[PDB]
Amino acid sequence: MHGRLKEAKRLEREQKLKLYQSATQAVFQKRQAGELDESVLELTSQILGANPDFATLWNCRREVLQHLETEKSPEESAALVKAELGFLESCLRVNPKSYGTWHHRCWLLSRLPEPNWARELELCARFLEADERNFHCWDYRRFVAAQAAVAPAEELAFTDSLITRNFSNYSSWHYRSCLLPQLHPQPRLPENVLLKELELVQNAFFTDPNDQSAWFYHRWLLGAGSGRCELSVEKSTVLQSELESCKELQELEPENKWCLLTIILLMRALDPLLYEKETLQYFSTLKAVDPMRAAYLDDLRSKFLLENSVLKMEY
């Protein structure tokens, strides 16, 4: 367990325990007796609310719902599934990060004739406005988007709004990294796409130079794209422009390690040998600003120096 900071409270939970224990006992007796009925669902509802990682109880609920579908009318089965959706949503409100709860909802939705996928996408938008880093919810959203055949372009528009309204942005940039290649496929991004993305990420990290997610995504863009060093005039110019903007930022934020690393990477992308002197100077400044990464930075520099020897020997 995580985040547990170190009589009435202590005796209340001695009471919780004893009810949880009797409820638990009762569920297992009913199950061994083959009593797959609503009273099980009532028993497990009590336990799963507070202890959603009790996986065997989700299995029991599925066993019951499977059984009841056989011997209830269509309308009665429909009522049971709607009650289950409500139960699930009340569980997600108290604990939005439980694998079991998210899976049971998928299991349920996947079985329906029938399913209202637009309503599920909205549920995702709500949970994501509460926690934009909730990977369970993003995973569920991807599941819903696929089931309802939502187009990459629509999901791309969703990521833009999320990135610009705040802040907290790694999950949304990650999603973009998977979406873009789908829009512009291939068995590497097209340059026009790449240039737009660079402009978008560069707004982000000048808007919030702290914001590690834009810098991580920008390093990817710088390699995706390419391609090499057959730099067009436009891309050459854009990268030189980024270089000077990072130098400005360096002056404004002299403890910012992300801009320093990015300057090194930009020079590599532009002209490794012409910028060798400055690359070496930037490595020193960076190690002093980010000493915990000194070993990484020496290894990166050793790699680049080897690349440089290889380039000079191609003369």
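Numbering starts at 1 and runs along the sequence shown.
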| residue 313 not built in a third or more of the other entries | no
| note | Counting residues of the deposited sequence that sit between residue 187 and residue 188 but have no coordinates, the total is 4 to 9
| query | Out of 61-69 and 23-31, which stretch has the higher average CA B-factor listed in the record? | reply | 23-31
| Mean C-alpha B-factor comparison - 76-84 and 94-102, higher one | 76-84
| field | Peak C-alpha temperature factor (PDB record), options 237, 212, 110, 161 | value | 161
| Of the choices 173, 143, 167, 205, which one's C-alpha carries the largest B-factor in the record? | 167
| message | Sorting by Cα B-factor within the chain, modelled residues only, which third would residue 177 end up in: lowest, middle or highest? | response | lowest
| request: Could you say whether, by C-alpha temperature factor, residue 134 belongs to the lowest, middle or highest third of its chain? | output: lowest
| task | Give the position of residue 114 by CA B-factor within its chain, expressed as the lowest, middle or highest third. | result | highest
| Third of the chain, ranked by Cα B-factor, where residue 89 sits | lowest
| query | Of the three thirds of its chain by CA temperature factor, lowest, middle or highest, which one includes residue 126? | reply | middle
